[PDB]
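Colleague: I have a structure here, written as structure tokens, and I will follow up with some questions on it.
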Amino acid sequence: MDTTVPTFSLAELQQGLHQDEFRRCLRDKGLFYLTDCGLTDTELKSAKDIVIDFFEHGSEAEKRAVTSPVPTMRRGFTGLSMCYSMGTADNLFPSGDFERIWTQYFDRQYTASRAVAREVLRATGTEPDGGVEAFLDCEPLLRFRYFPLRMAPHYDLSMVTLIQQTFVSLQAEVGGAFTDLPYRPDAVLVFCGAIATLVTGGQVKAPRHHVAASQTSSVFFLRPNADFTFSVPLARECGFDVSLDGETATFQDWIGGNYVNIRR
Amino acid sequence: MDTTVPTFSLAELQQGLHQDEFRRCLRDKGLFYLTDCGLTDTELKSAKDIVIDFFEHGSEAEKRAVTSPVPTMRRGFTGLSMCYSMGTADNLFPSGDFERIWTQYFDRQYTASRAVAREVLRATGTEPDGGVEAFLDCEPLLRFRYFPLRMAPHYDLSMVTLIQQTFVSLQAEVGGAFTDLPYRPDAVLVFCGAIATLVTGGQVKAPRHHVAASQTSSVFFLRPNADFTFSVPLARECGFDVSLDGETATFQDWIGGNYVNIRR
Amino acid sequence: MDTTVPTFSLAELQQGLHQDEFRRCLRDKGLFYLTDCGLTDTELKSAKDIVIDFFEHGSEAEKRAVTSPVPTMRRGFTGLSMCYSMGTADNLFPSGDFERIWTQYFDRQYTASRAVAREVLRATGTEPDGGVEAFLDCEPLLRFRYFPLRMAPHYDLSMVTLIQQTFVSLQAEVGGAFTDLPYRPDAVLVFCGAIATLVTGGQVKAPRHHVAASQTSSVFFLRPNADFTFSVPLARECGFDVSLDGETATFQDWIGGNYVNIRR
Ligand SMILES: CC(C)C(=O)C(=O)O
Ligand SMILES: CC(C)C(=O)C(=O)O
Ligand SMILES: CC(C)C(=O)C(=O)O
Ligand SMILES: [Fe+2]
Ligand SMILES: [Fe+2]
Ligand SMILES: [Fe+2]
């Protein structure tokens, strides 16, 4: 088996091309680069520069105004390296220019994430309980980190995670070995998460990955709604060590009352 | 903005003084020293000496008699450095003298914690679902540690946490930088926790803190009851990344079936 | 008190012998070696050799065929050192010979685990809610690790955990000090877990242990069903820091929707 991380054009997938290859990739690797999805180094520059400007030239007062009262990294500024997070609502923006630039950037990320997830579902003949569109109108989280192992091995609990980033620190398990994941100015890196594995009945792999040890990274988590419902027996069938009584359960029943993005 | 950790007299607060300054502190810093609350180095000496005596001169048999069958550090003796924990009931005391001394010490800590939390609620015009007194008649946990980073950065999930302690190891984020928190023989240190943030609708900050690397520390967590109820949309509004279906939820729905005191 | 890790013959226990000594051990130590339970170095050789052969001579393709889409270590092969896991159903076997050998090995482990747990319940006069047999027909997990501190201090959340293994790395807290736990070709090592503490009302200790830093170890967790029910007030009485509203709760209510095997 070739341990090369493949690349797929979103447009070609939506045209019904490379279906066998796509299904194979999802099952055996669970990761791939995605082109023709409206996201490149171009649509990233604007957002990157303005947030970097904020991280470097923003005053403690300005940063305070966009910092949540609890340091959860859900919205606004966070000092972990620095981070800026946002979602579909309840956002914290430092300026009008910043808001316009980041709202557009977030929208493009959310659109691309839903589109590729839509293809993952179609290629596996998966109809989520409640329908595809209700499943995809969810609870995304975008996190931009600035770093002027650096992250332990783990897998994502998202449906899919889109990464842009800017030495190759990011590595993922492929074929049984850690493969480097360099940036592609013309594409976005896609990691399938445990929810893709769960909703498709085990047809999709959620690969482990980590960051080895100055750069920036944009991570977009497409996460299901709390009421997303699934089959308990089926979950057991593909590796989930669930402690759920009954035949069906929700994302909330499984993970709890607070979103958990990664797992070791 | 001045990054000085302020001090407030509990008596003066209860008199309606320094309200604007108190509200400001709660919002921008989330920590402060508290005087005139019935807790000083005097009321600590008795408890400290007797527990230290136990840690140093107690036999393995005597320690066994006050050690829980599961090493949870909820009640009795624990060997992590050593620790002694207690609550409102189901306690484990090694001697009659010990029980009298620590029951009085616990009562003073619980009274002071409820009193300052009462002021936090009043200064923010907060009426918890179910009322103030039902909210404050809760599930406190007192932990005394003896140490004859030493603790990773985190925030507390309590309403408020009171610390006495005895080189300055304790540090908290203030103004965007770690500020030392030395002991005050005449005051107790108060950290606001995530529940203060939650119940007040985001009017209170839960500051991150840690312990840098021989001394003793008394930590009192004022924790809500499992059935404490709050608004889900409001929680989302102040930074909580909740995965809760519906409009209202309980502490148990959010955190789960076991108390969690801190979060990184 | 003697800090020696005792040994009990399962057959002698089932005959009503050494009851006081057994109860004492369960209360003060929570661990012991078990002989005459159908498990020795003999019944381990076959399984060990064949899995070692797989770990060393198995191709990436063969390992892939028995690897779950999510890296949970619940079933099949896992590359953490390597590991092979199995349960009562939904298993992944690389060959017919492997399946026959490991199914028999698993059955012997499950039978021995239920038998000793049955004795733990009898010696403490414990009748689980719903009855003994329903409690023991549960959700076991067997994990075989190959290692051609190595594990932080923790306690198990199982009813009981059986260990075989093959310098003494394994250590447990006994009498207030870490005692080495060498292998016994004629016996299996038994650690009592938090569920034994819980179901017996605090009559059984769940000892902390860890692995100091090439060998193999077989760990069998006898875990309760999600619907196992217990008394909340009683749980509080023996050290469990539960945040459960009401008088009764289930394992799922306490731990959540995913099994958790250990706790620090
Ligand atoms: C650091 C990025 C690449 C990541 O894996 C994550 O945030 O889950
Ligand atoms: C160590 C003390 C100061 C603490 O932060 C805690 O226990 O939460
Ligand atoms: C490593 C083994 C002995 C263990 O303690 C466990 O897996 O819980
Ligand atoms: Fe990740
Ligand atoms: Fe703390
Ligand atoms: Fe263990």
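How things are named: the first chain in the structure tokens is A, the next is B, and so on; residues count from 1 in each chain; ligands count from 1 in the order shown.
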Using only C-alpha atoms, determine which residues lie at most 6 Å from stretch 154-157 of chain A, disregarding the query and same-chain residues fewer than 6 positions distant; provide the list as number ranges by chain.
Modeller: A: 193-195, 207-209, 261-264
Colleague: Could you write those residues out with N, CA, C and O atoms, as a PDB file, in the first residue's frame?
Modeller:
```
ATOM      1  N   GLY A 193     -12.276  13.029  11.475  1.00  0.00           N
ATOM      2  CA  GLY A 193     -12.336  12.832  12.914  1.00  0.00           C
ATOM      3  C   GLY A 193     -13.211  11.665  13.316  1.00  0.00           C
ATOM      4  O   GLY A 193     -13.837  11.028  12.469  1.00  0.00           O
ATOM      5  N   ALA A 194     -13.277  11.393  14.619  1.00  0.00           N
ATOM      6  CA  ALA A 194     -14.063  10.271  15.118  1.00  0.00           C
ATOM      7  C   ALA A 194     -15.536  10.303  14.757  1.00  0.00           C
ATOM      8  O   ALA A 194     -16.169   9.251  14.661  1.00  0.00           O
ATOM      9  N   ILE A 195     -16.103  11.496  14.570  1.00  0.00           N
ATOM     10  CA  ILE A 195     -17.513  11.564  14.209  1.00  0.00           C
ATOM     11  C   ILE A 195     -17.738  11.054  12.778  1.00  0.00           C
ATOM     12  O   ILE A 195     -18.804  10.527  12.463  1.00  0.00           O
ATOM     13  N   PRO A 207      -7.271   9.385  11.734  1.00  0.00           N
ATOM     14  CA  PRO A 207      -5.830   9.266  11.981  1.00  0.00           C
ATOM     15  C   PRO A 207      -5.221  10.042  13.139  1.00  0.00           C
ATOM     16  O   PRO A 207      -5.597  11.180  13.413  1.00  0.00           O
ATOM     17  N   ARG A 208      -4.262   9.409  13.809  1.00  0.00           N
ATOM     18  CA  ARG A 208      -3.556  10.048  14.906  1.00  0.00           C
ATOM     19  C   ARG A 208      -2.517  10.979  14.296  1.00  0.00           C
ATOM     20  O   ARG A 208      -1.999  10.719  13.209  1.00  0.00           O
ATOM     21  N   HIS A 209      -2.222  12.071  14.988  1.00  0.00           N
ATOM     22  CA  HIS A 209      -1.243  13.034  14.505  1.00  0.00           C
ATOM     23  C   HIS A 209      -0.699  13.870  15.655  1.00  0.00           C
ATOM     24  O   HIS A 209      -1.238  13.847  16.766  1.00  0.00           O
ATOM     25  N   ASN A 261     -12.540  18.396  21.784  1.00  0.00           N
ATOM     26  CA  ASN A 261     -12.067  18.390  20.404  1.00  0.00           C
ATOM     27  C   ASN A 261     -11.067  17.310  20.012  1.00  0.00           C
ATOM     28  O   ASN A 261     -11.028  16.890  18.851  1.00  0.00           O
ATOM     29  N   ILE A 262     -10.257  16.867  20.965  1.00  0.00           N
ATOM     30  CA  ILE A 262      -9.259  15.851  20.668  1.00  0.00           C
ATOM     31  C   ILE A 262      -9.226  14.779  21.741  1.00  0.00           C
ATOM     32  O   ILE A 262      -9.768  14.956  22.833  1.00  0.00           O
ATOM     33  N   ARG A 263      -8.594  13.656  21.423  1.00  0.00           N
ATOM     34  CA  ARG A 263      -8.494  12.557  22.369  1.00  0.00           C
ATOM     35  C   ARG A 263      -7.194  11.797  22.142  1.00  0.00           C
ATOM     36  O   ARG A 263      -6.802  11.553  21.005  1.00  0.00           O
ATOM     37  N   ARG A 264      -6.521  11.437  23.229  1.00  0.00           N
ATOM     38  CA  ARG A 264      -5.261  10.707  23.136  1.00  0.00           C
ATOM     39  C   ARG A 264      -5.481   9.208  23.301  1.00  0.00           C
ATOM     40  O   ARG A 264      -6.535   8.821  23.852  1.00  0.00           O
TER      41      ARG A 264
END
```
Colleague: DSSP on the backbone: which residues in stretch 112-171 of chain A end up as strand (DSSP E)? Give the answer as an NGL selection string.
Modeller: :A and (141-147 or 151-156 or 160-163 or 170-171)
Colleague: Identify every residue of chain A that has at least one atom within 8 Å of any atom of chain C, counting only C-alpha atoms, and report the result as number ranges by chain.
Modeller: A: 1, 27, 155, 175-176, 194, 197, 202-208, 236-245, 253-256
Colleague: Please provide as a PyMOL selection string all residues within 9 Å of stretch 36-52 of chain B, with the sequence filter that same-chain residues fewer than 2 positions apart are discarded (counting only C-alpha atoms).
Modeller: chain B and resi 8-12+34+54-57+84+97-98+101-102+105+108-109+111-113+115-116+144+146+164+166+184-188+216+218
Colleague: Figure out the distance between atom CA of residue C:220 and atom CA of residue C:122, please, to one decimal in Å.
Modeller: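 Answer for the atom CA of residue C:122 to atom CA of residue C:220 separation: 21.2 Å.
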Colleague: Can you tell me, as a list in words, what residues are no more than 8 Å from residue B:210 when counting only C-alpha atoms, ignoring any on the same chain fewer than 4 positions away?
Modeller: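 In the requested form, the answer reads residues 149, 150, 151, 152, 153, 154, 170, 171 and 172 of chain B.
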Colleague: Measuring atom to atom with only C-alpha atoms and all ligand atoms, identify which of B:215, B:124, B:95, B:4 is nearest to ligand 2.
Modeller: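 Among the listed residues, the smallest separation from ligand 2 belongs to B:215.
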Colleague: Might you pull out every residue within 10 Å of residue A:189, with only C-alpha atoms counted and same-chain residues fewer than 6 positions away left off, and present them as a list in words?
Modeller: residues 5, 7, 31, 32, 33, 34, 35, 161, 162, 163, 164, 165, 181, 182, 183 and 219 of chain A
Colleague: Write a file of the just-selected residues containing C-alpha atoms, as an mmCIF file, in the first residue's frame.
Modeller:
```cif
data_model
loop_
_atom_site.group_PDB
_atom_site.id
_atom_site.type_symbol
_atom_site.label_atom_id
_atom_site.label_comp_id
_atom_site.auth_asym_id
_atom_site.auth_seq_id
_atom_site.Cartn_x
_atom_site.Cartn_y
_atom_site.Cartn_z
ATOM 1 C CA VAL A 5 -1.121 11.455 1.395
ATOM 2 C CA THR A 7 -4.976 15.156 -2.992
ATOM 3 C CA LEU A 31 -6.578 12.322 5.579
ATOM 4 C CA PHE A 32 -5.931 14.148 2.304
ATOM 5 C CA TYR A 33 -5.268 17.552 0.780
ATOM 6 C CA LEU A 34 -8.216 19.331 -0.810
ATOM 7 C CA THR A 35 -7.963 21.687 -3.786
ATOM 8 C CA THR A 161 -10.949 19.238 10.551
ATOM 9 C CA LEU A 162 -9.500 21.639 7.964
ATOM 10 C CA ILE A 163 -5.957 22.983 8.445
ATOM 11 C CA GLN A 164 -4.012 25.644 6.532
ATOM 12 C CA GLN A 165 -0.816 26.497 8.451
ATOM 13 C CA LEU A 181 2.325 17.082 6.243
ATOM 14 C CA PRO A 182 3.832 20.165 4.541
ATOM 15 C CA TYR A 183 1.752 23.186 3.595
ATOM 16 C CA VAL A 219 -7.590 24.862 12.464
#
```
Colleague: So that I can check the surroundings of residue A:247, please list as a list in words every protein, DNA and RNA residue that reaches within 8 Å of it, counting only C-alpha atoms and ignoring chain neighbours fewer than 2 positions away.
Modeller: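 Residues near the query, excluding close chain neighbours: residues 231, 232, 233, 245 and 249 of chain A.
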Colleague: Emit the selected residues as a CSV table (one decimal), in the first residue's frame, including N, CA, C and O atoms.
Modeller:
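Once written, part.csv looks like this:
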```
chain,number,residue,atom,x,y,z
A,231,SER,N,-26.5,5.0,16.4
A,231,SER,CA,-26.8,3.7,16.9
A,231,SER,C,-25.7,3.2,17.8
A,231,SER,O,-24.5,3.2,17.5
A,232,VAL,N,-26.1,2.8,19.0
A,232,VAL,CA,-25.1,2.3,20.0
A,232,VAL,C,-24.5,1.0,19.6
A,232,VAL,O,-23.3,0.9,19.7
A,233,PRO,N,-25.3,0.0,19.1
A,233,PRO,CA,-24.6,-1.2,18.7
A,233,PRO,C,-23.6,-1.0,17.5
A,233,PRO,O,-22.6,-1.6,17.5
A,245,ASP,N,-26.4,2.9,27.8
A,245,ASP,CA,-27.5,1.9,27.9
A,245,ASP,C,-28.5,2.2,26.8
A,245,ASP,O,-28.7,3.4,26.4
A,249,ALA,N,-28.3,6.9,21.0
A,249,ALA,CA,-27.7,7.9,21.9
A,249,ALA,C,-27.3,9.1,21.1
A,249,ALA,O,-27.3,9.1,19.9
```
